[PDB]
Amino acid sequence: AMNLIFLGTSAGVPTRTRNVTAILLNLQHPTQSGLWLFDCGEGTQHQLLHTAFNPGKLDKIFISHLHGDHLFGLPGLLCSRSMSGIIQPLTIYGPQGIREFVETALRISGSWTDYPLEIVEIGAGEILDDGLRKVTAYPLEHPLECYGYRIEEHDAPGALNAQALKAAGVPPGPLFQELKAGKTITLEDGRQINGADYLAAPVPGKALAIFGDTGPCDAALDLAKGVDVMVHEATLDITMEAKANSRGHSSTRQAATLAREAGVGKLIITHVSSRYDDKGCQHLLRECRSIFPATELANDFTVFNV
């Protein structure tokens, strides 16, 4: 369950090596094994096309903000989806204007969809409840209304300790069913056993925070708070922190420090400036690591376990 597949990792504009923003979320569930997409910069559909993922599995698309490097690319994807035989329904979630944009693009281009498409203009707060996980939007600091997304899968109820029960005399099968239900079923050995003393340790869910572009901000800490994996931009190095901050971006240290401040398992930085070359990106990594060793650099097509 839960995989991140980076399609684009470049700030603002594409480069020979990194395409603009798009992050894929593979949700491997027993009955919810679908695909989710966070952002859609130009070329996203191309990027996808080169992977073996089934474009049909993708059912939801979450846009953080409407800047070209996170949005242009969506109209083409929608048309390509339809031109394939995909008919599985699709839902887009994003800030106001998202609907006007998509509609206009489709209108003028003489396009449609042969699959039901639902566009949802969102705002801060819970966005949806899978029944298995919930997504929550958090407002960030950026030139355009921009949301971060916290994806949390509800905690799994603690399961019965089969071994402990077997140890206690309860045989597998018959009264096993009942003890499962909760019944305080008594044993032929003259002894009552309350299944509630064996349904131990209810495993907590995995927590993921995919941020939208942002400079330091209040809500930032909430989104991050103890999440397993935190995806955060690191557009510029420390010496450019002011430049970054002025445009709604964060510096290497700012991201790492927030990681630390929020006690998150792993930090994945992206949206790196086209100004830095491969080595420059390793220098960015070092900056983050020397303030939070558990940081990694995303790359086009790089994968991550939540």
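Numbering starts at 1 and follows the sequence shown.
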For the C-alpha atoms alone, is the average B factor greater in 197-205 or in 93-101, going by the entry?
-> 197-205
Identify the stretch, either 212-220 or 172-180, whose C-alpha atoms have the larger mean B-factor according to the entry.
-> 172-180
Of the choices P143, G158, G76, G110, which one's C-alpha carries the largest B-factor in the record?
-> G158
Say you rank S64, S273, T44, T31 by Cα B-factor from the PDB entry; which sits at the top?
-> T31
Ordered by C-alpha B-factor within the chain, which third holds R18? Give me lowest, middle or highest, please.
-> lowest
Lowest, middle or highest third - CA B-factor, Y149 | middle
Going by the entry, which third of its chain does the Cα temperature factor of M2 land in?
-> highest
Taking the C-alpha B-factors as the PDB entry records them, is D114 in the lowest, middle or highest third of its chain?
-> highest
Tertile call for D59 (CA temperature factor, within chain, third-based) is the middle
